[PDB]
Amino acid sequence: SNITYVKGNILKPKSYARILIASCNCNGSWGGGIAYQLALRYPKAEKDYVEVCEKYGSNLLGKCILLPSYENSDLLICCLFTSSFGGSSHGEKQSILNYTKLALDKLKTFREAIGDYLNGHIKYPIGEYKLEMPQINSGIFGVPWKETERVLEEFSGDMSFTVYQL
């Protein structure tokens, strides 16, 4: 309903401004999967993510932070902090799903009005960015996509997402 599915790689450039939403661990490790791709392409955004993880660590769970990509003023990154650790040590499915909802709720709040690193780098009003994501939680975090999709659909009327499927 509020989700629009598209086929392809989310990192292929888009002419419109957007926020790339990615589910993250709190341990400062963009180590694998799509996070690693973000670390290679946007290393200054990675440095911000590591800095926040080092300052607050696992107390970030259920929050999100918005980061400039730095390389493209039409691209921001939204980290959803949904697991203390990445890889095999990631959290249990229900924990990740609850943190995914709470973090998406901070994003919705911020768009209606998390943004410390956007100072001086935000090109447009934060509401003008389209919300896009891969199938978050369904790779390294092991959560069936249908269960995340329901979480997304709870924000019907408040937020719309474009979800990329390879």
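The first residue of the sequence shown is number 1, and the count goes up from there.
In the deposited sequence, the stretch from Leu40 to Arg41 has no residues without coordinates, so the chain runs on without a break. On average the C-alpha atoms of 86-94 have higher B-factors than those of the other stretch, with 86-94 and 71-79 being the two compared. Between 27-35 and 136-144, it is 136-144 that carries the larger average Cα temperature factor according to the deposited entry. Looking only at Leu118, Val50, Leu131, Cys64, the residue with the top Cα B factor in the deposited structure is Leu118.
When the modelled residues of the chain are ordered by C-alpha B-factor, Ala103 sits in the middle third. Per the PDB record, residue ranking by Cα B-factor puts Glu112 in the highest third of the chain.
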